[PDB]
Structures are given as C-alpha cells and as structure tokens.
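Okay, so here's the structure we're looking at.
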Amino acid sequence: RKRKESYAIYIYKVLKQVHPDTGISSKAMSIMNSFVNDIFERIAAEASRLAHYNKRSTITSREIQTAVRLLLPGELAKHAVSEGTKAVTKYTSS
Amino acid sequence: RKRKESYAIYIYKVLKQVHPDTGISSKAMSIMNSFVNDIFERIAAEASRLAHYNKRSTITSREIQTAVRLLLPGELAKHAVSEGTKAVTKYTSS
Amino acid sequence: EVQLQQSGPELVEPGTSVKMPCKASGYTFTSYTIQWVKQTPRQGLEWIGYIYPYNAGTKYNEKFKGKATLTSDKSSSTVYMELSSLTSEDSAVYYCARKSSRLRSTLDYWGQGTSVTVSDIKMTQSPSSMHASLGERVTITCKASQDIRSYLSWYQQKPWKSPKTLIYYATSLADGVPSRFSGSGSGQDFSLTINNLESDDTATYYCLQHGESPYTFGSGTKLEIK
Amino acid sequence: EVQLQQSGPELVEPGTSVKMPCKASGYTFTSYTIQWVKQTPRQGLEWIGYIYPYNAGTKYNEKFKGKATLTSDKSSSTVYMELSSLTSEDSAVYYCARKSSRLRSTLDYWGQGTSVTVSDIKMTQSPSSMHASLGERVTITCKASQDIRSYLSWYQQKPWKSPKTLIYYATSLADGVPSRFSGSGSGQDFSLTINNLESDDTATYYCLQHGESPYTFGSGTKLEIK
Amino acid sequence: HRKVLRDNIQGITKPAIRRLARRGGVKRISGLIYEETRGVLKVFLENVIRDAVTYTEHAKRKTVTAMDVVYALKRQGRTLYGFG
Amino acid sequence: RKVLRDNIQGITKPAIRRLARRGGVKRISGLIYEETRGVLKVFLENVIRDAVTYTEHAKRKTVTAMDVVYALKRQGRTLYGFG
Amino acid sequence: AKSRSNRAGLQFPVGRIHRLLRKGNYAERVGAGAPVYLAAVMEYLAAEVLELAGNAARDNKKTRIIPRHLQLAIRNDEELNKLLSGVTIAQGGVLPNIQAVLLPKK
Amino acid sequence: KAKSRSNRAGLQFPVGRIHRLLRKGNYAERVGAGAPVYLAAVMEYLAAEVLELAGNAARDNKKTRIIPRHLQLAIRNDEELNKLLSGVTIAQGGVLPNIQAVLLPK
Amino acid sequence: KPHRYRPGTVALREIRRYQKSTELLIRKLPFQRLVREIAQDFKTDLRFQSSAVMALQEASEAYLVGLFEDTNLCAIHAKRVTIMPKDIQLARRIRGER
Amino acid sequence: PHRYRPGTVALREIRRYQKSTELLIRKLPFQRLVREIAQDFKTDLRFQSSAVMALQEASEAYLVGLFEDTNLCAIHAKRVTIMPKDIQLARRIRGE
DNA sequence: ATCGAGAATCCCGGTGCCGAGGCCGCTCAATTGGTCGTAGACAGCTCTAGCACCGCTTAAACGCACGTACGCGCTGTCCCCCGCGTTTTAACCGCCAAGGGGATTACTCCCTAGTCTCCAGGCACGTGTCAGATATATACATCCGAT
DNA sequence: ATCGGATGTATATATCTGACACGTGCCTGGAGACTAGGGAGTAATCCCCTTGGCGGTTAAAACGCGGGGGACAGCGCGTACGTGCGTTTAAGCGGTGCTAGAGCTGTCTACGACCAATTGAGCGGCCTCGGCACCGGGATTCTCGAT
C-alpha cells in the first residue's frame, strides 16, 4: 500500500465540470489515466528533443508549445495552444 | 570552425580492418555516420526506458544488453551481445 | 484561403426538389463538418443540420427531419443539400458554414449564400436595435434559457452579405478580428462589447449557442452609426 | 528446437536426376541461408553452395555450376537440391546445413544426410591422426593458404552421423558445447584444443573456412581415444 | 511436475476466427483462412511474448506482469490503454 | 519575392512514369498522374509543416536540412545521408 | 498555501507534473511555465475526450462512461483518430461498419 | 601514462566520447562504467557488419569505393538488417532489382 | 417445410451483432494455454498475472480484427466477397509484416 | 520500320530505373513546388540547398515505395495496369 | 408487387447486486522562503550562402497518330461455403489449498559524480594523385517479323 | 522452331578531373587521481496471488448434409495506353553580384536548482445504495417463399 498515484481524481473533477451528472467506470477511468500519461510522455519527449536540437538545457513553455503544435493534429493544436497560453498568462499574474 | 565531431575516423578504422583495400565516399561516410548515431540513440533510449521502468537511476551494461536484445533482430542480437560482453570482460581486466 | 463556394440564385415552383452545392476548398475537407443555416426576413437565422464527411454522419434539426437531406461527395469536395416538398415556408437564403468537430469551435467560415425563391433553448438579445455615435462603447446581451457553459458565438452580418465570425467560446476572438470586439459572460447571460466604433461597424449582430444539440441563433441587433 | 530433416537412402541410375528436400522447421525460415555440403569418403567434405530463402539468392561452387541447382519453397519450409547428369563422381552423402546471413555465423545445424548411390584457399590440417589418453590435451591445427581473418569453424563428425559444430569465429564456443573444447588463432594459424578427453570424443575433426567465396573444409583428423 | 503444453494453436477454433472476421466485417470466409490466421496470430504472439519475457527477466522476476505486456506492445507501435 | 501558383504540374507525367518504372510498374492508367500529384502534395505538406515548425522554434528564417531530417524522423520516414 | 493548479485555473496537478518533468530525464532544468502549459494541454485533451464520451453515453441512455463510449468518441472523430491511431482501447470494440457491396442488392 | 578506454576495451570506437554522450544526453541520472564499453562494442559490431557487406557488394560491382548504392544493396539483401532499417531511407541508394513474374512476357 | 435463411443473411446479422459487442471473441482458457505454450520457448517456469493474459488477448484480438478489416478490402478490390489467404498475405505485406 | 511490342520498352525502363540511383524528378520544378507549399506556413521563407535535396530524396522514396504497393494491388486484382483504386487501397492498408 | 408466417430484434417493467462514489485518517509531497550560480537573452559583428538574374545549349517534355492487347462485361459450370440440426466436448464457475515469489525494509559499501590538471586525440585546413566518369569503338544478346 | 535485321546493352581502351586519403598544427576534451555520498546489492520477512485440482452445467464446438450462389475460366469487343516521331520549352550550367541571416563572442541578470520547515492534498481503507445486467413478456420489423 504505497500510494500508486494516478490521475483519477483530476479526471473526475474534469468530468464533473463537463458532464455534472455523468459518472465513469473503473475500466474507463483506467483508459483515461493511460491516455493522460500517454500524451504527457509524448509532449515531454518532443519538448526534450526540441531542447536538445537547439543546444538548450531548459524545457520551457515555448518548447511545450512547439511540441503541442508538432504532435496534435489540426484544430486540436489550435485550442490546446490557447488553453496553455491562457493558463501561463493567468499563472504569471499569481 | 566549431569542431563538428563525427564518427567518420572510427568508421574508417573499422573499414580499414575489415576491407584494407576498399575506401568509402563522403556520401556513404555520411550515411554510415547517420547509421551509427541512429543505433546509438535507439539503444540509449531503450536502456533509459528500462531503467525508468525498473526504478533505477543508473544505465549499466545490463540495461544496454537488454536494450540490444529488444532492438536487434535475430542473430544480430546474438553476436552484438557477444561483442559487448567480450569488450566489458576485457575492459575490467584493464 | 478557406472558401466555401456556393451556387447562384434560383427560382423553383412549389412541389419541386432542389439541390444546392457547397463546394469547399482551401482546407482538409473531411476534418470539418459542414453546417447548413437558413435565413428568412421573418424568422432570422435558423440551423438546419450538419454532415461530417469523415464518416458521412449527419444530424438534423427536429423541425427539418425529413424536410432537408444532406449528402457529401468526398472526391468532389462538395456537400449537397436537397429540399423536399417546397412549401411557401421555404423562401430563404441558405448558407453553408464550416465548423470543426471540436466542441469549442464555431461556424468558422461561411459560403456566399443562395436565395431560394418559391412561387429547445431560446436566445434573448435584449437590445433589438441600437443607435450609437462613432466613438461609443456598445454592449449587447444574449441571455439564455438553459445553461450553456460558454459555448456561445457572436456573428456580424452586413446587409446582403454572409455572416462573419467575431467571437467564439464566449470570450475568444476569431481570426482576423481586431481587439475592438470583446466578449464576456458564462452560464446564461453573455455580452458582446465593441470598444470604439467605426464606419464598417454597421451590421446586425447574432449570438449562436452550441450547448445543446439543436443549435439556436439570436433574434438580431441592428446597429446604426449616427 | 531446430530440425533440418532429410530423405532416406537412395540408389539411382546414371544419366538421371535426383531431387532431395531439406524440410527445415523450428526457426524463421527466410532469415537463414541453407548450405549444401557433399561428403565422399575419398575427398572429405566439399561445399556445393547455398540458397537464401529471403530473395532466392544462390551461390555455387564453380566446380558445381551446372551440376547442381538449388530452389526454395517458402510455403512448405523446404529447400530442394537437384543434381543433373549423374556421373560416377556423385556417390556421396549430401547434407544440408543451416547458416545465418551473419558473416560471423557458421553452419550451425545439420541434416542427417542422404545416401546417394549411382549405378582458392586450402585448409591443411597438420595432424592426420591422433592417439591420446582419457585426461590428455590434444591440439589440432588448421594451417591456411591465404589470410582469412577469424572466419574459421571447427566441426566434429562421429562415424556415420552428421557433423556437429564446436567452435565458430575461431574462438567462440557453439551452443551446448562444453568448455573442454577451445579454439585459438587468427590469420593463417588456427588451433583446436580439447582438454580432458572422454570416450565420446572419438571423431573426425574438420576445420571450415568461410572467409572467402568457395568455402573449403579441411582434410580431417581422426582422433583415437585409447 | 511441470506442465509442458503442445499444439494449442488449434484451441483458436474455426468459430472463433469466424467471430473475429464478423467483427472485421467479413461476409464470406474461405476454408483455408483458418490455418493462415493461426499462423499470423502465432507470429504476432511470439513477437510480443519474446519482448515481454525480456522485460520480465531484466527485472529479475519470474512473473510476467501486465506492465511487461504493455511495454512489449508499446515499442511495437501497438499502445494498449486500460491496463496501466 | 513573388507568390508562386500551381507548381504541382511541374511533377510531369514522364517523371511519374519514371517513379513507377523504379517501382516496377509496367502499365499505367491515365488517371494515375493526378492521384499521384495529390498524394505527393499531401506528403510534402505534412513534412514541410513540421520542418517549418522546427525552423521557427529555433527563431531562424532558413529551413536547414536538419529540420527536414527531424520532420521526417518524427513521421517514421528516417533519412540517412544529410546529418 | 495556494496550489499552482488553483493559481493557473486548472484541475490537473501543476506541481506533480513539475516533479514528473524534473525527474523524467527530459532536460537539465525545467522552467516555471512548462508544467502550467502541459497541465493545461492535458486538461484540455481529457475534457474533449470525456465530453464526447459523455455525449455518446447519453445517446445510449446511460449515465456512466464505459470503454465503448470512449472508443466511439475517439474513432468517430478525425483529429482524435489521428492522435490515437496506433492505440488499442481495451473492451472498446469497433465502429459499426459494413461495406456496401456486402449488402443484398435490390 | 594515459591509455584510452577504447584500447583498454580493444575497440575502434570512442568509449570516452560515448560516455560523455550518455552523460550529457538525458538518459539517466547516473551512467555505469561498462555501459559505454558495451555500447561502443555493439556500435562497432553493427558498423563492421554493414561495412563488410557493403564492401563485398562493391567488389562484386568491380569497384573499390563504397558508394550509397552498395550500402543499400547490403542492407536490403539481408533479412535482419532490413528488419533493423525498415523505416529508413538511404539517400542516393536506389532500390533492389525486382520485377514481378506476371509482368514478364511469355 | 422448415424455415431457412438464404446464404448471407445470418452472416450479415452476426456482422451487426459482433460489431456492436465489446467482448472477447476467443475463449479464455485456450488462449491462456497458447500464451503459456509460446512462452515456454523463451524462459522455462514462467508465471503470468491474470491481467497479463487479458492484455495479450485484447491486443491479439484487436490485431486480428484490424487485419480482417484490411483483408476484406483486398478481397473487395479483387471483385470478390470471400476472403482468401492471398488477401491476408497482400494486406500483411502492404502493412509491412511480410 | 522497326517497332517494339507494347510492354517491351516498359520492362526495359523498369530494368533501367531499378539499376540507377538518380533523382527522377527535375530539380527546379520540385524546388518551386517546395517553396510554394512552404508559403502557406510562413512568408518569405528560405531553404538551404540541402533541405530541398533531403525533401526530394524522401519524396521520391515515398512515391517509389507507394508504387510498389500499388503494383501489388493491381496484380492482386488480376490486372497489370495500376489505377487510382489501387493507389487508394494501398494507402488505406498502410494507414494514410 | 402485396402478403402472411416465422424468426429476430427491440422495448418495457421488475428485481438483485456489486461497483462507483463519497467519507475519514494520515503521511508525505508540494509549497514557501532565501541563496547562489549558471543558462540564456540581447547587442554586435563578420562572413557564408542563398537568392536573383542572364544567356546558351540541348535534353526532356509535349503533342499527335496508330494499333494492339488488355480491361471489362457476359455467360456457364461446378463446387465450396453457408445455414441448420444433432451430438459431444471442454469452458466456466464456484470452492479450496499450498507455496512461490513480489514487494518492502534495513544496512553496508562500492561505484559514480564532481573537481582539477595535463596532454594527446581528433578536427580544420591544405594537398597531390588515382578511382571513377565519360567518350568511343566493338561484340554479344535480345526482340520481332517472316517463314 | 529457326533465321536474320535492327536495336540495345555489355566490354575494353584512353584520358581527365575532383574527391579522397593523408599530413600538420593546435586546442579542448578525455584520462588520471582523489573525495564524498548515496544507489543498489543482499539478506530477511511477509502475505498476496498464482497454480493446481475437482465437480456439475451448459453453451459452444464439431460434424454431417443439402443446396445455392459465387468463384473462376472462356470468349468477345472496344478503348485506352504504349511506342515512336517531330516540334517546343524549360532545366541545367556557368558566371556574377548582393545582402540577409547564421553563427559566434561578450556581458549581465533573472531564473531555476537546492535546501530546510510546514501543512494540507491525495491516497488507502471502508461502507452504502443505485445504475445496470438480467429475466420474462409482449410489440414491432425484417426476411422469404408461394402467389
């Protein structure tokens, strides 16, 4: 019992603000956890390569934005860039 | 001039010891340099991934051997393990 | 670059069927649903239905189920909409609009519009008409019936032109739209704001929702400059 | 796990043509060449040629070009060998041996052979025969004619059985071979060394070079335990 | 006492391959499809199970866990969601 | 600089026939040339979009051969010979 | 104490994503806005998939998302199908799809 | 005196440079001492294998220099090297000569 | 006269049935025996979790269903409705497995 | 006069272009096409001489490897002419 | 083109159950606050290389005519696969029992990071010569039409 | 099948150039030596969960059988693609010039790593009730064979 640490409670908060009366199954919560870990590992690895190709040693939000534009197709990479820019903008206002 | 650091002189030493009368053109040397860089970064990425899966912090020759067994097909992975084991056995005998 | 080339004007007698194309160019055709909206001078804008060319999957208004029928042709990059049983309640301009399959997205680009001449959530725009000076800050409200969680757009329509997207997702500007226009609101009461007016801001302003499955526009807000 | 099974014994007529299979299972068929070796009791072992079932790529001994053609059958995992115009210089045992496409690899797995009866670098093994005790070290050499570099194998052949691989790449032990056998050498001077002999070490010991294009075996060395 | 299995590729029966073809959308099925399909499935499972056992014996385990299968599938470009 | 239009017809019918000859193709229908031009335009759009993303991440104005090599490498079209 | 998730307006953990970036062997150092951007992108993608799956669950008259609804949501969408093209979703099934030539003729 | 780790291992490939590339490459937090020895030996083996097959392909073409055509012939005429380099294009390498049997005349 | 459906009716009916289900289409114990038989040639005395064989079955059936979906297109391209081993081989060598 | 039968010069050209390693598209039309496609992503771009050669190598390799699968699809349907339906099948099986 | 029988699927209420969803205690990971030291932002400069133009040669592209051979549609045959009924077999589920091994803890120690100094290995830069590219004549192989 | 004309391709000889293989200086990165600390190896213990066995149910599988419809092969017809010839048009090459920007250096400072103290967010455990799976009964819908 050593705290396996999934994304299940954040995916449940997201689900309860999107569909306030719809729940989720355990297998579907496991699939959504695998999906979130998967896109984390894709964006972080593409950002790691972009930092390595430019002789940089920091992953910044510009690397994360370029990795999002490389990995997501079409208008997914348009709205995800807007989401990330909005979060970084309101985070820098503390 | 900023020391672009290829593998070309080592690939030429290897070529002179397998074929002492055969040379190599510059485009073929560029292809062989890309080949050596590619298999380096494939084996190193699989060994990194194995160490991260098993919660290790060190890449050792056991990770490099498992990465070679995962990546190389057939008896390539049988002779490459023999070459690497022979070099490690020779190296720890100074 | 993204164009939705529509047909020309057309006269038909009652009891006929008419097919109008929506030949689309300048983008990847299967990635975006093509929406159909009619416009009458007696009822305003109203959403008919869409078709997704990726799986040939349509979805119609319950007021038009059976009445209108949508079909695509992938090699042609063309969507055909047919109208059956042409009543007197079919005198309208039929626009075809491009909307992504993203839920945040809106009706991005519109067609030329074709005049076809025969021979639920409600949106409440509180100012139906407005006069303003050439430098006055304007606010237009779009109080809703049910709760839509920021799935609201704002369109500007010139007379005898196609509507242009101003603001999607209730706050976010569209492409090419200057920052004079500004959207706010979430839940049921939304607001469009125009900071300093100009000569080309003489138009009528609609608000469209996407929160529930029949998309409903607004009644309109006719803006006059001086 | 690897089987290369073969036909039975045959006696045939001169002038005819015989086809013998090398049905091979237990491995991935298209990734290994299948070598064909001729053993007559007058000239030792001789290498006919191979076929590569990846691309049906053949290569023959120049003294067998025309005398033997090789074909493949990827559905049945079968390699066929035809010998045409059977002269009296054709009464030998024909084995098929599996060999990988690695240059380091050797003919590692053999077939049991077919008795067929009709009606350049030289490997000079210096001891033609040995006699030894049951705890003695023996040393067999394989003096070469031109510089191969480490591409030498060592096989033992028990009487009336198929040969068995001991050493490949002039030092490396084959699979399941005990560490009593050890190879040495490079260039032109190689060595086989058995450390503590037993009763089951009585065989003929051949060296095969596979560094150059016609593979040539050695003359042989019959080791006699007591 | 160790259980050594022989020839369980015939445990994938003719009506199981027909069900997989019905989910694949296939209306009519030749009679030689079943032996072709068993060989295809055996090659796929050999390739995945070899990597899963390599991942398992690197960790010095005797048990092949579900994560070893998920990793063995993932580096073959066959990502599987639902098992960690 | 000047805007270019409709350079896909510079991939002529004999060039497509040479690529089919290298692909082992003996007989070619007449509708193959527009289908091939569309396929090549889709492939080149997908590669050049990624190479330009790699280029303007570096705050460059020149698309180097390394950006093309990276843009192909992230599509499974690894190219040896250009660094 | 205020969380960086609440500071950024997010539901996904900016501090945990910061730790996972710092301990994942990705770069020698990790900037401040990079876990914020990555948490916002992951929350956006999770919300899009979960919204389409909840709509597909409501269309089958169910108030709980099963893997079938995730599979239908993902494969009935071109951009998500291109993002998850090499992904098998367990117990997802396939989309209902029969070719037209297999149907009876007249 | 200073002795190279390549000469300690018997290699032609740089064990020290491969150690620095593993250390500065964001692969793990630590790198063992036998990891660059093993990796340099595997890289030298694979380079020697493709170089020897390419040199034989050059000699069969009666040339004494390896050009990219000989590397391509060496790699695509080999099942294991073609499985290793399947999604790899070799520049100025061409294709393998292969016509289908049906296209040849009677 | 017993009732009898014409050939193709029941096949389309179970296409619509198995394209609506999400279940596993191979029996569980024969697949588990096949997995344990295949793994005997890589390491002796292996154990499998209960979810490891479930992951292998999900991946294997997704592979086979996705290959039959391409085999069907190769059969329809040849103006047939029966799938054949040459259709399986064509789909597999265009996918890059043969 | 002399006249080869239809299919002879085609097989001769198959053996000619399967023996060479050249680029089979002209350089300047391909470079113009690359600069025209790149206009939609950034204005006033600039290319190395090597970037366009890396694009041409990859593009010709893609098209040759697609025409091999297209030839297999044509031969499967008991034809020797390749058609757009063969191209569409070859790309659908590959997953494009 | 209607039309009834039969089989299949869909729907509609009612029951049971176990899995989702929420609460509670706790611990450990995230936050907060300083401190430092390197990464990178920015200004400035030089030189490479990319773009643009221009003229000429010539090879490839283009357009057209002719004919063939291949695509495609039609028809016939037969045999193989499908639908279905009956018999058998093995999966499956519930229950139980060992015991192997995965997972966690504690502790010691050896192996690797970090620092500093030195020197030699490798890279940039020149340089000659020879391997290949090309021109040209000659010989063999092959294709095709007539016999 | 065979023979000969025409065409194409492999082969041998000259000859010419630029690219490759080698030499040299120099500088920076690797090796050597040393120190500190923490990762991991190893032993030990626990308890989960995997494997094996057993017995009754019953649903799926196997097998046989009749028949229809689909695969495949032959045949004919037309059209579209290949071959070749002559005219046209850009590609390629070389030569030149201009300047934008890539690449490199230097300086400074903001920003992230790091470390220690604190506390609350999230995770395991447990507990409950309602969404759904299932069951039985009727209702619609599709299919298929005489008509």
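Protein sequence lines, in the order shown, are assigned to chains H, D, M, N, B, F, G, C, A and E. As numbered in the deposited numbering, residues 28 to 121 make up the first sequence, in order. As numbered in the deposited numbering, residues 28 to 121 make up the second sequence, in order. As numbered in the deposited numbering, residues 23 to 141, 159 to 265 make up the third sequence, in order. As numbered in the deposited numbering, residues 23 to 141, 159 to 265 make up the fourth sequence, in order. As numbered in the deposited numbering, residues 18 to 101 make up the fifth sequence, in order. As numbered in the deposited numbering, residues 19 to 101 make up the sixth sequence, in order. As numbered in the deposited numbering, residues 14 to 119 make up the seventh sequence, in order. As numbered in the deposited numbering, residues 13 to 118 make up the eighth sequence, in order. As numbered in the deposited numbering, residues 37 to 134 make up the ninth sequence, in order. As numbered in the deposited numbering, residues 38 to 133 make up the tenth sequence, in order. Ideal Cβ placement from N, Cα and C applies to all residues, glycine included.
- In this structure, N:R176 lies away from N:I73, with their beta-carbon atoms at least 8 Å apart.
- Sixteen is the threshold: when 16 or more other Cβ atoms of the shown chains lie within 10 Å of the Cβ of N:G135, as they do, the residue is buried.
- At a cut-off of 8 Å between C-beta atoms, E:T45 does not count as an interface residue with respect to chain F.
- A direct Cα-to-Cα measurement between N:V115 and N:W132 gives close to 12 Å.
- N:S53 has a beta carbon lying within less than 8 Å of a beta carbon in chain C.
- Neighbours of G:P109 across chain H, judged by C-beta separation under 7 Å, do not exist; the nearest C-beta is about 20 Å away.
- A residue is called buried when at least 16 other Cβ atoms come within 10 angstroms of its Cβ; A:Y41 does not meet this threshold and is exposed.
- In terms of Cα proximity to E:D81, the closest of E:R72, E:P38, E:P43, E:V89 is E:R72.
- From the beta-carbon of F:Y98, the residues of chain C found nearer than 9 Å are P80, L83, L97, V100, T101, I102, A103, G105.
- E:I130 has a beta carbon lying within less than 8 Å of a beta carbon in chain A.
- For M:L108, the closest alpha carbon among the candidates M:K41, M:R64, M:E251 is that of M:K41.
- The C-beta distance from B:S47 to A:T118 rounds to 5 Å, short enough to meet the 8 Å contact threshold.
- Cα atoms of D:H106 and H:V41: separation of roughly 52 Å, rounded to the nearest angstrom.
- Between the alpha carbons of N:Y190 and N:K182 lies a distance of about 13 Å.
- For B:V81, the CB contacts under 7 Å within the same chain, skipping 5 residues up- and downstream, are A69, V70, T73 in chain order.
- In this structure, the CA atom of A:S87 is about 33 Å from the CA atom of C:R42.
- DSSP, reduced to helix, strand and coil, places E:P38 outside both helices and strands of the structure shown, so it counts as coil.
- Contact between the stretch 25-41 of chain B and the stretch 232-251 of chain N is not established, with fewer than three Cβ pairs separated by less than 8 Å.
- Contacts with chain M at 8 Å (Cβ-Cβ) do not include G:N19.
- Just so you know, the alpha carbons of B:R67 and B:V87 end up roughly 13 Å apart.
- The beta carbon of D:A78 falls within 8 Å of a beta carbon belonging to chain C, placing the residue at that interface.
- If you compare the alpha carbons of M:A90, M:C44, M:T38 with that of M:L26, the shortest gap goes to M:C44.
- Contact check for M:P75 against M:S47 fails: the beta carbons are separated by 8 Å or more.
- For N:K41, the beta-bridge partners assigned by DSSP are N:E104.
- From the listed residues H:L77, H:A71, H:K117, H:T119, the smallest Cα separation to G:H31 is found for H:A71.
- Between the beta-carbon of F:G42 and that of C:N89 there is about 17 Å, and that puts the pair past the 8 Å contact cut.
- Exclusion of the five residues before and after N:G66 leaves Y245, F256, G257, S258, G259 as the residues of its chain whose Cβ lies within less than 8 Å of its Cβ.
- Within the stretch 118-129 of chain E, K122, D123, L126, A127, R129 place their CB atoms closer than 8 Å to a CB of chain A, listed in sequence order.
- A residue is called buried when at least 16 other Cβ atoms come within 10 angstroms of its Cβ; N:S252 does not meet this threshold and is exposed.
- Counting the other CB atoms within 10 Å of its CB gives N:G71 a total of 16 or more, which places it among the buried residues.
- Boundaries of the alpha helix (DSSP H) harbouring B:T71: 50-75, taken from the DSSP string.
- If you draw a straight line from the Cα of M:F220 to the Cα of M:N235, it is about 9 Å long.
- Taking 8 Å as the cut-off, the beta carbon of N:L33 is found closer than this to the beta carbon of N:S141.
- With respect to chain C, the C-beta atom of E:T107 has no partner C-beta closer than 8 Å.
- For N:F51, same chain residues with a beta-carbon under 7 Å away, outside a window of 5 residues either side, are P75, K96, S99 in chain order.
- Apart from sequence neighbours up to five positions away, the residues of its chain that approach C:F25 with a beta-carbon distance below 7 Å are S18, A52, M55, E56, ordered along the chain.
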